[PDB]
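Note sheet for the following structure.
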Amino acid sequence: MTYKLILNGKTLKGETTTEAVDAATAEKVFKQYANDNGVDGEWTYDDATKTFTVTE
């Protein structure tokens, strides 16, 4: 299934998508991806829209 991530960094703003067998895998992929971009904040997930949102 396709999961979408919205990035609301103070200076980093963007969005991206990825394929994952379930949301549990999305947490590891987006979390590592966000870490590689130096993004840390509160993580929220919407099962209805399968969209992960992180706010710094």
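Neighbour counts are summed over all protein chains in view; Cβ atoms, including those assigned to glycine, are modelled from backbone coordinates with ideal geometry. Nothing in this text is a laboratory measurement; each read-out follows from the coordinates by a stated rule.
Dividing the summed -39500 (n - 2.57) terms of all DSSP H runs of n ≥ 4 by the residue count of the chain sets its mean residue ellipticity at 222 nm at -8000 deg cm²/dmol. Per 10 Å bin, what is the whole-percent P(r) computed from every C-alpha pair distance within the chain? Using 10 Å bins, I get a P(r) of 25, 62, 14, 0 for the chain. Extension gain, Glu42-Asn8: 0.36 nm per intervening residue step, less the Cα-Cα distance, totals 11.2 nm.
The mean sequence distance of close C-alpha pairs (under 8 Å, at least 6 residues apart), as a share of the length of the chain, puts its relative contact order at 42 percent. Work out the charge dipole of the chain with +1 on the Cβ of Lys and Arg and -1 on the Cβ of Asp and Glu about the Cα centre, then indicate which of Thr25, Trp43, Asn8 is farthest towards its positive end. Checked the options; the winner is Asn8.
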